[PDB]
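Read the structure below first, then the notes.
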Amino acid sequence: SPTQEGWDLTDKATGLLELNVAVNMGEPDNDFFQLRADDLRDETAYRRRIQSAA
Amino acid sequence: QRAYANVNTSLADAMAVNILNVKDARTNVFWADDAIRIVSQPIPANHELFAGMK
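One line per chain: the protein sequences are B and G, in this order. Counting from 55, one number per residue, gives the positions in the first sequence under PDB author numbering. Counting from 324, one number per residue, gives the positions in the second sequence under PDB author numbering.
Now the structure itself:
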């Protein structure tokens, strides 16, 4: 708020002002991969990358 | 090593090879059984990575 000194103060009355800040959102993050069917005969590597993405 | 020898004589230097196909005649095949191995192996489509299909 502003302040002004003195007795008189005729029609110097201030108006109110209140400001803004806008929060925002961003594009999603991904880990994306594919395996052919013959590659799932052992899951041991498929189980690691899921961990590696976390 | 000599126990595995199936031939009496090693190849000479200048020695005539003999090709035994002079005609187009169709084959007659014979073998002792267990001379042809058929190898098999599954395709693992049941895995959860494939969940979009039966």
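Every residue, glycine too, gets a C-beta built ideally from N, C-alpha and C.
89, 91, 92, 94, 95 and 97: these are the residues of the region 81-97 of chain B whose beta carbon lies less than 8 angstroms from some beta carbon of chain G, given in chain order.
Take the alpha-carbon of residue 344 (chain G) and the one of residue 351 (chain G): they are about 14 angstroms apart. Taking 4 residues as the shortest admissible run, the region 67-104 of chain B contains no complete alpha helix (DSSP H) segment at all. A straight-line Cα-Cα distance of about 34 angstroms links residue 92 (chain B) and residue 81 (chain B). In the structure shown, the three-state DSSP call for residue 353 (chain G) is coil.
In this structure, the straight-line span from the alpha carbon of residue 87 (chain B) to that of residue 375 (chain G) is close to 16 angstroms. Chain-ordered listing is empty here: chain B has no CB closer than 7 angstroms to the CB of residue 361 (chain G), the nearest sitting near 18 angstroms. Each residue's CA atom was taken as its position, placing residue 330 (chain G) and residue 105 (chain B) some 59 angstroms apart.
Chain-order list of chain B residues neighbouring residue 348 (chain G): empty, with the shortest C-beta distance near 41 angstroms, by a criterion of under 7 angstroms.
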